[PDB]
Amino acid sequence: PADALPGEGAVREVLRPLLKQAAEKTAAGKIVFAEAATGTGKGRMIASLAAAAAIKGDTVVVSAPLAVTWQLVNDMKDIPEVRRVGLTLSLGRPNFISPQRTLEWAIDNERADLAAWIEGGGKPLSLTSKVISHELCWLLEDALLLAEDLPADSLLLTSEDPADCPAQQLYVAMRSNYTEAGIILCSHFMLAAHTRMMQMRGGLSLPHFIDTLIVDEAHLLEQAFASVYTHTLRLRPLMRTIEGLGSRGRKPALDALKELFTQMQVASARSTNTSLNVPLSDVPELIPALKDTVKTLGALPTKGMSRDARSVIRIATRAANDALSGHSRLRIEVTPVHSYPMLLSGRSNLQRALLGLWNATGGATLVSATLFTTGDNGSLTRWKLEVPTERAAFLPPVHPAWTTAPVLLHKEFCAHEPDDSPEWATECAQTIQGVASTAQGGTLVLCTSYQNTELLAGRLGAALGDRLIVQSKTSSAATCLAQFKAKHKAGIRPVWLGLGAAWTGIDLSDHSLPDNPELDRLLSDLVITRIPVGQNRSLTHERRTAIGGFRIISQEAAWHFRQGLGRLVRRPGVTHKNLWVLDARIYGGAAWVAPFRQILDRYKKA
């Protein structure tokens, strides 16, 4: 209550010592790893840290996704020092998508939910924000919640987009309200795009040196960086756009694109393997094609092209050049198995970019509920974010008793090992049907693939009917979340066969009871069908496993698993929470299942 940080009285009691340690280690120039349980009030802690740093005179940047950005703004504006120093939102173009190209892609890939969201105006899905300029639509994060495999490289809002575009107009209207404030709030994608732009030089305007950086939900940061260095070449819309231009240079570009298509099919059939990402040296059939594809793309004149063709051809050239850089790993999707022709080029190492970020950062604090793999072991996270080992500071985690006290772990499990077989599907569906018959509220059932989900759906559909919500490629995660909330509100007890984002991001606390968490029954039964092994399909995870062995696989599996468990208790004061783990390998007496058996032992069984 004296000689304290701004807004520290609003920070919950449990996070105050962690707050003090983070403040100290950050002012000393260290990259702090502060893991705190969800529902403890991490937003107030972030607000107090940013306020203490901004009062000192530092340039403070808080990088957080837009979902939590609203509540972060609310928690920061409550601090008077923050309101005095100023708080702005650096909403650069990489935050927004192009409605035209996103709608076209959704149509070409038969993603009805994404098409409907674009047609409806791209309105915010989760979010509210009323005193920060206008309403934020066309957000990349919502689009990703509607299509996890969104080729964001080729669907982002560019400066070459027409002025009458809604996303462009929203960006310009937001940029007009941008002032030089003490605290700048950005997204993970904004921070990563800014770092990449700053490196490629040696509207995007972040401080060239971040005195104090505060990353919230830091377990997403790397993925953001990974997305910013991904390049996508979508051949069908590019070919269509070129078909809609003057014939002076149309024929050569179209013939070069068809040559590239044929060479991509050749390389695809050259070695099927298992969706393997190969360098350009392993598929030389694309080297001339790609080269030709670039030349013709620059040959046709801009005197006659609209802004749409301009941005499309520029993005295509950037992608084809990043493919021919040799520093990338390629993934081909063509006629044999993918109706939508596409060439992906990613970076299996983000070390230079993240090091450029940390070199331009005086001090930093990373906040999340899943920073450590076990205890305070942030080694996997440090490696992912490429934090210099001398600057990393693994503070103790904060996970109170209420995060597991209302939870009762059940002894029942599916005896047949998860082998993607119809027999496993039958047994696991019998188990899920039992859990659904006993369940008092909404039931979430996490799966590891679309195939397991389809089998479990074919079983549980005839049994449940009104209650079942099957996630798929067409049925996004957001539409399933909305169906879940609606069916729970109607009195039905829904059973959501979820995957993907259902493991990592969704907030299943009933917002109809913000002051009475004792009556929260929105998610009463969490069910884990499989240990999430092999769910990370990033190039950096491929390199990390190739270097460190099966320990990286096991640590990523435990990280994903603890995230999935973190969907059940989202706040204190809840009750009647049930946890189910059906993977027979847990109770199999193996060696690699020892980490998981730790967390599950931490609960109380019944």
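Below is a summary of the structure that appears in this document. The residue numbers shown here are sequential, starting from 1 for each chain in the order of its written sequence. They can differ from the numbering used in the entry, and residues that have no coordinates are not displayed. The side-chain values count all of the structure's non-hydrogen atoms but skip hydrogen atoms and water molecules. Residues with missing side-chain atoms are left out of burial classes, side-chain pairs and their counts.

## Describing empty space enclosed by the protein
How we decide: A cavity here means a set of 1 Å grid points, computed over protein atoms only, where a 1.4 Å probe fits but cannot escape. A pocket is an open set with protein on both sides within 12 Å along at least 5 of 7 lines, and lining residues have an atom within 4 Å of a point. Grid points are joined across faces, edges and corners, and a volume is the space filled by probe spheres set on the points. The helix count covers DSSP runs of H or I at least four residues long, the strand count covers runs of E at least two residues long, and both are numbered beginning at the N terminus. In this classification, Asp, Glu, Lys and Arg are treated as charged, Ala, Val, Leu, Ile, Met, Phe, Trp, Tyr, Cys and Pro as nonpolar, and every other residue, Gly included, as polar.
By volume, the largest cavity is sized at about 100 Å³. In this structure, the largest cavity is lined by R101, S154, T232, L233, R234, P237, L238, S311, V312, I315 and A316. Every element with two or more residues in the lining of the largest cavity is listed here: strand 6 (231-234), helix 12 (235-243) and helix 15 (307-323). No other element matches the 4 residues that helix 15 contributes to the lining of the largest cavity. Taken together, the residues of the lining of the largest cavity sort by class into 6 nonpolar, 3 polar and 2 charged. There is about 60 Å³ of room inside the second largest cavity. If you trace the second largest cavity, you find it lined by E222, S348, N349, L350, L354, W383, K384, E386, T540, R543 and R544. At the level of elements, helix 17 (379-385) and helix 21 (539-548) are the ones that each hand at least two residues to the lining of the second largest cavity. The biggest single contributor to the lining of the second largest cavity is helix 21, with 3 residues. Taken together, the residues of the lining of the second largest cavity sort by class into 3 nonpolar, 3 polar and 5 charged.

## Observations concerning the pairing of strand 1 (residues 31-35)
Rule in force here: Burial classification: accessible surface area is computed with a 1.4 Å probe over protein chains only, and a residue below 20% of its type maximum counts as buried, one above 50% as exposed, and the rest as partly exposed. When DSSP finds two or more bridges between two strands, those strands count as paired.
Most of strand 1 is tucked away, with 5 of its 5 residues classed as buried. In strand 1, alternate side chains face the same way, and those of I31, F33 and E35 on one face and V32 and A34 on the other are all buried. Across 3 bridges, the pairing between strand 1 and strand 11 (residues 392-394) is parallel. Of the residues in strand 11, the one forming a bridge with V32 is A393.

## So, the packing of aromatic side chains
To keep it simple, the criterion reads: Two rings belonging to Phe, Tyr or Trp (six-membered ring only in the last case) form a pair when the distance between their centres is within 6.5 Å. Interplanar angles under 30 degrees mark stacking, angles over 60 mark edge-to-face geometry, and anything in between is tilted. Whether a charge sits over a ring comes down to the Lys NZ or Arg CZ being within 6 Å of the ring centre and within 35 degrees of the ring normal.
Per the stated rule, a full pass over the model turns up 6 aromatic pairs. Among the aromatic side chains, those forming a connected cluster through ring pairs are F33, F372 and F394. Lying over the aromatic face of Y229, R196 brings its terminal NZ or CZ to 5.2 Å of the ring centre. Between the NZ or CZ atom of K384 and the centre of the ring of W559, over which it lies, the distance is 3.4 Å.

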